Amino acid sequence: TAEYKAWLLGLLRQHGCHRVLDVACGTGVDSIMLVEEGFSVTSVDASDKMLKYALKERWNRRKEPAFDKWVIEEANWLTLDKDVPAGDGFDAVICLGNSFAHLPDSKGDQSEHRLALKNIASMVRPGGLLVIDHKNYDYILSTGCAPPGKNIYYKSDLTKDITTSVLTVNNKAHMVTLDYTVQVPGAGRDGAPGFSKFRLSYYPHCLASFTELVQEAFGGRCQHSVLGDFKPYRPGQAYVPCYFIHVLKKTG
């Protein structure tokens, strides 16, 4: 989505951030872009399955200085330091795309989440930033299901029917499982579509908790700001952001 792209860059540039570390390189979608707009991007992910693809584009677009100056290393927020040489601290550390909602709280104690963020944020240098984003589960929870479609991050052209299955654990949301029933265009007889599905689970983080979770990472020395979809967020605000974007100005 144009807006998205716009928002991102404008922020990276509105701070002076040029050196960036992606902690969810995935397919390389956003990193690749950043690599175009002239950024020093070092992207990483823990899943080769995805990384391999990002790595793909590069080799091809290898006949371009921009793409020859791009990194892609595997890593896990659970040891981001051990896997990524922070140096003095990347200008901006970006983790947009509700990537963090993939970290399931295994131990029951949100020990997994603190640690992850701890390492993630650490890589940000003084006067640094962190574009960590998560879906609006506060609502998803209060709704009972997950409203698909409006990907303020991308204008999805494919349609699929979602089936939301939340799982309370001792009264605390422990996970949200989205069951996508994709309706591929043509996969039948006289042209009719085919029905192929896939599902994935995440953690139902709620603004409140994440906000506190995030600061806790920067040891406190930081500037916190949260945008509803892509614009600032004001409690009890007429709107209803699909996404929640938390940006951190590591100050100390």
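Just count from 1 along the sequence shown to find any residue number.
Per the PDB record, of the two stretches 176-184 and 117-125, 176-184 carries the greater mean B-factor over its C-alpha atoms. With 135-143 and 73-81 compared on mean CA B-factor from the PDB entry, the stretch scoring higher is 135-143. Annotation for 103, 166, 152, 95: 152 ranks highest, by Cα B-factor. Comparing the listed residues 21, 242, 25, 12, the entry records the largest Cα B-factor for 242. Among the modelled residues of the chain, residue 52 sits in the lowest third by CA temperature factor in this PDB entry.
In the PDB entry, a CA B factor belonging to the middle third of its chain's modelled residues is recorded for residue 59. Residue 202: CA B factor in the lowest third of modelled residues in this chain (values from the PDB entry). For residue 195, the recorded CA temperature factor ranks within the highest third of the chain's modelled residues.
When the modelled residues of the chain are ordered by their C-alpha B factor, residue 211 lands in the middle third.
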